[PDB]
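Visitor:
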Amino acid sequence: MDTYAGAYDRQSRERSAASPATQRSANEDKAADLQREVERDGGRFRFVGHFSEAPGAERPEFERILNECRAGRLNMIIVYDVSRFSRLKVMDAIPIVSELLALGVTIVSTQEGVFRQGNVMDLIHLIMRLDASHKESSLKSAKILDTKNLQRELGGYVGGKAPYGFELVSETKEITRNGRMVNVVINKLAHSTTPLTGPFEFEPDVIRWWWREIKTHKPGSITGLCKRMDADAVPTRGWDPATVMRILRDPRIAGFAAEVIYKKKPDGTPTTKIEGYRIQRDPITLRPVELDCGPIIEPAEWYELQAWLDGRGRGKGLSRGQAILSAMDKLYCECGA
Amino acid sequence: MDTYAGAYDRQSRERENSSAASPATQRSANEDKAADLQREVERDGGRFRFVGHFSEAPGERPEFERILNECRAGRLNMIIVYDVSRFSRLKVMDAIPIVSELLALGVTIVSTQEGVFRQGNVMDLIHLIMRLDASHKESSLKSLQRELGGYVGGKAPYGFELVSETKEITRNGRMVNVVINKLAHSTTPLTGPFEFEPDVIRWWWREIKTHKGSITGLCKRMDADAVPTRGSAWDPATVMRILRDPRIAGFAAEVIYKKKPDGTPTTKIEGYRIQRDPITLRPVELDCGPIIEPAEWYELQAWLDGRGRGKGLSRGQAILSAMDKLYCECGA
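Protein chains in written order, with the working numbering: chain E, 47 to 383; chain Z, 11 to 342.
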C-alpha cells in the first residue's frame, strides 16, 4: 500500500490548455490531496516532483518519467490532462496510457479523473471523445476568421476596456494560417497594476478587501462598503452598490474565463449594461477554462461569495447543502440556455 | 536477429467477426503464415522459430493468458492470429489495451487477414480496430431486453424494493407490453427499532450530521440496538457505500463495479454515476422520490469527503469538490 507519484507537464502544441506553471500548480495540489487521503487510509504516498519538458530525444523528461514507471520505481503519474501523453494527435496517447496501466500505474488527470488497469477502457473512450472534439474545433478554426474570432482563437481578450480588477497586456503570437507565417498581437487579462490613490495599492486589493469585510461580518453590507469607500477615498475608476455586486459576480476574479452577458433592448440590440456572466467551460468535462493570470479571489472563496450573494438575494442564508445544490442549479441553467 | 512465434486461435463468440473461420481454418492459415515468415527471415539471415498453437477450448481464457505471459516474460516475441479480433474479450475495441501492451514489449503481431503490426506502426492497428468498432456499431443499429428506464439487476439496493410496472410500447407500428421493475422505498418490516430501511438511512444522517458521531460508532450502535443487516455484522465500508448512493437522494444512477485487471467486473461496488439530462445536465429523478432530501445528501457527501481527507471542508471547498466530481462524471 505504497504510492510513488511523479507529475508530468509540457506546453501544448497550440492545437484549449494551460501553461506549464498552471499545470504544475494543479498537479502538486492534486498530489497533496491524494497524499492526505492515502495517509488517512493508513497507507503511504510519496510525491517525487515534476518532470517538466523544456519549451522547444524530442521528449527526454517524458521518457524519463515513463522509464521510472517501467522499472517499477513510480506507480502513479499525475498530469494536468490526459492529452499531455500525446505526441502529435491526442489519439496517439492510447498506446502509452495502455502500456502504463498494464504495468499497474495509476494515471491521475487533474481535469478528467483517475484511471487504472481496471478502467482502462474509460480512458480509451475519453481519448476518442477528445479526438472527436478537437476535430470539430479544427473545422471551425479552418474557416475564414474575422478580428474577434482570431483573437478568441489565440486566447485573446475580446473587448474594449479591461474590467475592474484587471488590465490588458499585449502579446505577440506567431501563427501559420494557410501556409503563411503571420504575427498577431493579442491582449491578455492581467491583474491590474495601476497605482490607486487611496488606502489600497491595486484594484485586486480592493476586491479582496470587499470579501474580507463581507465574510467576517455577521461594514459587511454592500451599501456600507460603498459609503466607507467614498469616505476613505477608494477611487472609482476615473460607488454604486449595483456596480460592486456586478464585479463580485464576475467569474474572472476567481480566475475563470467568462463571457459578459449584456442587457438587451426589446429590439434585441445589446446595451452597455451588464446583466451577468457565463463561465467559459471545456466542452467534454464542463470544467471552467482558467485565465493565465490566475485568481484574484481563490475559487473556493469565490463560490462561498456567490452563495452569500444568493442568500442576500433570496433574503435568507443557504445551508451548506443548499449552497452546493444552488451552485449546481446555476450550472444546469447555464447549460440549458 | 531472433524471432520466437506462437499462434493463437479461438472460436468466435457470437460477436461480429469471421465466424466461418473455425479454429481449424485459423490454425491452418496461422501455420502457413508462420512457414512463409520463416522462409523470409532466413533468406534475410535471421532466425525464426514457430513454437505452435495456443488454442482455446470452445467454451475464462487460459490459453490466451498463457501466450500473453510468454510474451511478457520475453520467451515469445511474435503472436500470429487469424485476425486482430481474436485479441478481444467482449467488443473488438477492448483489444486496444492488450495489443498496445504487447507492442510496447517489442512483440510483433501478425494478422493473417489484416497485416503486420509492431510498435513502429501501432497507430495503424489502433485505427483498424476502431474502424471495426464503428462497423459493428452500424451493423447493430440495423436489426432483446428492457433497458429503457427499468431496474436491470437481481436485488434492490439497501433502502429500496423492486415493484413491477408495465410499459406500453409501439415499435414500428406494433403494440408491445414490456414489464419492468422500478425502484420503490422499501416497505419490508424490519426487526429492531426502525420500521423500514429508509428510516435507518435517515437515522444515519441524523446521528452524523455536523450542525456546529462516527461511522464505526453507527455500526457498533446498530449491532447493539439490533438494527438488522439485510436478511452478519454491519461493516463501515457498507454504510459508506450506501451513503454514497445518489438514489437515496432520489437521483437515478448507474452502479460502477470494481473491475479485475482483465476488465471483467466483480460484484464489489466502486461507486455511482448520476444519470443526467443530456442538455441541462440535471439529474434524472426516480419516480419514488428521495429518502434523504438532495440538499442534505450533498451535505452528506461533503461530510464523507471530509472524513476521507481527514479534515472537514469549508463551505467553498465543499462546493468546489462537488463541482469537481461532476466534471469527472461529464467526461465519462
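Here a beta-carbon is modelled for each residue, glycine too, at the ideal position from N, C-alpha and C.
Quick one: does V166 (chain E) have its CB under 8 angstroms from some CB of chain B?
Guide: Protein chains E and Z are contained in the structure displayed, whereas chain B is not.
Visitor: Within 10 angstroms of the Cβ of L172 (chain E), are there 16 or more other Cβ atoms? Answer buried if so, exposed if not.
Guide: Reading the first sequence from its first residue, position 126 is the one you call residue 172 (chain E). The residue in question, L172 (chain E), is buried, as its Cβ has 16 or more Cβ neighbours within 10 Å.
Visitor: Could you tell me whether the Cβ of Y92 (chain Z) comes closer than 8 angstroms to any Cβ of chain E?
Guide: Within the second sequence, numbered from 1, the residue matching residue 92 (chain Z) stands at position 82. With 8 angstroms as the cut-off, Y92 (chain Z) does not count as an interface residue toward chain E.
Visitor: Going by other Cβ atoms of all chains shown within 10 Å of its Cβ, with 16 needed for buried, is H263 (chain E) buried or exposed?
Guide: Translated into positions along the first sequence, residue 263 (chain E) becomes position 217. By the 10 Å Cβ count, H263 (chain E) comes out exposed.
Visitor: Using 8 angstroms for Cβ pairs, my map puts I211 (chain Z) next to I301 (chain Z). What's the rounded Cβ distance?
Guide: Taking the first residue of the second sequence as 1, we reach residue 211 (chain Z) at position 201. Taking the first residue of the second sequence as 1, we reach residue 301 (chain Z) at position 291. With a Cβ gap of about 5 angstroms, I211 (chain Z) and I301 (chain Z) count as contacting.
Visitor: Kindly list, in the order they appear in chain Z, the residues whose Cβ is closer than 8 angstroms to that of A373 (chain E).
Guide: As a working note, residue 373 (chain E) is residue 327 in the first sequence. By Cβ distance, chain Z contributes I329, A332 and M333.
Visitor: Nearest chain E C-beta to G260 (chain Z) closer than 8 angstroms, yes or no?
Guide: The residue given as residue 260 (chain Z) occupies position 250 in the second sequence. Judged by the 8 angstroms Cβ criterion, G260 (chain Z) is not in contact with chain E.
Visitor: On the three-pair Cβ rule with 8 angstroms, is the stretch 301-310 of chain E touching the stretch 333-340 of chain E?
Guide: Yes, since at least three Cβ pairs between the stretch 301-310 of chain E and the stretch 333-340 of chain E fall closer than 8 angstroms, the two stretches touch.
Visitor: I'd like to know if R90 (chain E) contacts chain Z, where contact means its C-beta is closer than 8 angstroms to some C-beta of that chain.
Guide: The residue given as residue 90 (chain E) occupies position 44 in the first sequence. With 8 angstroms as the cut-off, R90 (chain E) does not count as an interface residue toward chain Z.
Visitor: Can you check which of these residues, E:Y54, E:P297 and E:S62, is closest to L176 (chain E) by C-alpha distance?
Guide: Start at 1 with the first residue of the first sequence, and residue 176 (chain E) comes out as number 130. The shortest C-alpha separation from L176 (chain E) is found at E:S62.
Visitor: So does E199 (chain E) have its beta carbon nearer than 7 angstroms to some heavy atom of the ligand MG?
Guide: You won't find the ligand MG in this model; it holds no ligand whatsoever.
Visitor: Taking the alpha carbon of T274 (chain Z) as the point to measure from, which residue in Z:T226, Z:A236, Z:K177 and Z:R99 has its own alpha carbon closest?
Guide: Taking the first residue of the second sequence as position 1, residue 274 (chain Z) is located at position 264. Looking at the Cα atoms, Z:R99 is the closest of the given residues.
Visitor: One question on the structure: do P246 (chain Z) and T226 (chain Z) come within less than 8 angstroms of each other, judged by their Cβ atoms?
Guide: Counting from 1 along the second sequence, the entry for residue 246 (chain Z) is found at position 236. Counting from 1 along the second sequence, the entry for residue 226 (chain Z) is found at position 216. Yes, they are a contact pair.
Visitor: Under 8 angstroms, Cβ to Cβ, is there at least one residue of chain E near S324 (chain Z)?
Guide: Reading the second sequence from its first residue, position 314 is the one you call residue 324 (chain Z). Judged by the 8 angstroms Cβ criterion, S324 (chain Z) is in contact with chain E.
Visitor: If the criterion is Cβ atoms closer than 8 angstroms, does the pair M11 (chain Z) and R57 (chain Z) meet it?
Guide: Here residue 11 (chain Z) refers to the residue found at position 1 when the second sequence is read from its first residue. Here residue 57 (chain Z) refers to the residue found at position 47 when the second sequence is read from its first residue. Result yes, Cβ atoms of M11 (chain Z) and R57 (chain Z) sit closer than 8 angstroms.
Visitor: Looking at the C-beta of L142 (chain Z), does it have a partner C-beta in chain E at a distance below 8 angstroms?
Guide: On the second sequence, residue 142 (chain Z) is found 132 positions in, with the first residue counted as 1. It does not; no Cβ of chain E falls within 8 angstroms.
Visitor: Would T222 (chain E) be called buried (16 or more neighbouring beta carbons within 10 Å of its own) or exposed?
Guide: Translated into positions along the first sequence, residue 222 (chain E) becomes position 176. By the neighbour-count rule (16 or more Cβ atoms within 10 Å), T222 (chain E) is not buried but exposed.
Visitor: Closest Cβ-Cβ distance between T331 (chain E) and chain Z: below 8 angstroms?
Guide: The residue you call residue 331 (chain E) lines up with position 285 of the first sequence. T331 (chain E) counts as touching chain Z.
Visitor: List, from N- to C-terminal side, the alpha helix (DSSP H) runs of 4 residues or more that fit wholly inside the stretch 78-117 of chain E.
Guide: 106-116
Visitor: Anything in the stretch 85-109 of chain E with a Cβ closer than 9 angstroms to a Cβ of chain Z? List those residues in chain order, please.
Guide: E85, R86 and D87
Visitor: Starting from the N-terminal side, write out each stretch of the alpha helix (DSSP H) that is 4 residues or longer and does not extend beyond the stretch 239-315 of chain E.
Guide: 249-262, 268-277 and 287-294
Visitor: I believe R283 (chain Z) touches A342 (chain Z) by the beta-carbon criterion, under 8 angstroms. Please report the beta-carbon distance rounded to the nearest angstrom.
Guide: The residue labelled residue 283 (chain Z) in the question sits at position 273 within the second sequence. The residue labelled residue 342 (chain Z) in the question sits at position 332 within the second sequence. With a Cβ gap of about 7 angstroms, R283 (chain Z) and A342 (chain Z) count as contacting.
Visitor: With 16 as the cutoff for other CB atoms within 10 Å, does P167 (chain Z) come out buried or exposed?
Guide: To locate residue 167 (chain Z), count along the second sequence from 1; it is residue 157. So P167 (chain Z) ends up on the buried side.
Visitor: Taking the CB atoms as reference points, tell me whether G150 (chain E) and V94 (chain E) lie closer together than 8 angstroms.
Guide: For the purposes of this step, residue 150 (chain E) is identified with residue 104 of the first sequence, where counting begins at 1. For the purposes of this step, residue 94 (chain E) is identified with residue 48 of the first sequence, where counting begins at 1. No, these two residues do not count as a Cβ contact at 8 angstroms.
Visitor: Taking Cβ-Cβ distances shorter than 8 angstroms, what residues in chain E pair up with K268 (chain Z)?
Guide: Against the second sequence, residue 268 (chain Z) aligns to sequence position 258. Residues of chain E passing the Cβ test: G164.
Visitor: What are the start and end residues of the alpha helix (DSSP H) that includes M133 (chain Z)?
Guide: Within the second sequence, the letter at position 123 stands for residue 133 (chain Z). Per DSSP, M133 (chain Z) belongs to the alpha helix (DSSP H) from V132 to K152.
Visitor: Which residues of chain Z have a Cβ atom closer than 9 angstroms to the Cβ of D296 (chain E), listed in chain order?
Guide: Here residue 296 (chain E) refers to the residue found at position 250 when the first sequence is read from its first residue. Those within 9 angstroms of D296 (chain E) in chain Z number zero; the least Cβ separation is about 17 angstroms.
Visitor: Does any C-beta atom of chain E lie closer than 8 angstroms to the C-beta of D104 (chain Z)?
Guide: In the second sequence, residue 104 (chain Z) corresponds to position 94, counting from 1. With 8 angstroms as the cut-off, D104 (chain Z) counts as an interface residue toward chain E.
Visitor: Excluding the 5 residues flanking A236 (chain Z) on each side, which residues of the same chain have their C-beta closer than 8 angstroms to its C-beta?
Guide: In the second sequence, counting from the first residue as 1, residue 236 (chain Z) sits at position 226. Once the five neighbours on either side are set aside, the close Cβ partners of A236 (chain Z) are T201, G202 and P203.
Visitor: Beta-carbon within less than 6 angstroms of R292 (chain E)'s beta-carbon, same chain only, minus the 5 sequence neighbours each way: which residues are those?
Guide: Start at 1 with the first residue of the first sequence, and residue 292 (chain E) comes out as number 246. Closer than 6 angstroms at Cβ, skipping near neighbours: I320.
Visitor: Taking contact to mean 3 or more Cβ pairs, one atom from each stretch, closer than 8 angstroms, check whether the stretch 83-98 of chain Z and the stretch 107-125 of chain Z are in contact.
Guide: The stretch 83-98 of chain Z makes contact with the stretch 107-125 of chain Z; the number of CB pairs closer than 8 angstroms reaches 3 or more.
Visitor: Just the chain Z side, please: which residues come within less than 8 angstroms of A346 (chain E) by C-beta, in chain order?
Guide: Here residue 346 (chain E) refers to the residue found at position 300 when the first sequence is read from its first residue. The contacting residues are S324, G326, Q327, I329 and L330.
Visitor: Would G357 (chain E) and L351 (chain E) qualify as a contact pair, given that the criterion is a beta-carbon distance under 8 angstroms?
Guide: The count along the first sequence starts at 1 and reaches residue 357 (chain E) at position 311. The count along the first sequence starts at 1 and reaches residue 351 (chain E) at position 305. Their beta carbons are not under 8 angstroms apart, which means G357 (chain E) does not touch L351 (chain E) by this criterion.
Visitor: Can you tell me which residues form a DSSP beta bridge with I153 (chain E)?
Guide: Against the first sequence, residue 153 (chain E) aligns to sequence position 107. Answer is E:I123 and E:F161, bridged to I153 (chain E).
Visitor: Does chain Z have any CB closer than 8 angstroms to the CB of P141 (chain E)?
Guide: Taking the first sequence and counting its residues from 1, the one referred to as residue 141 (chain E) is at position 95. True, the Cβ-Cβ gap to chain Z drops below 8 angstroms.
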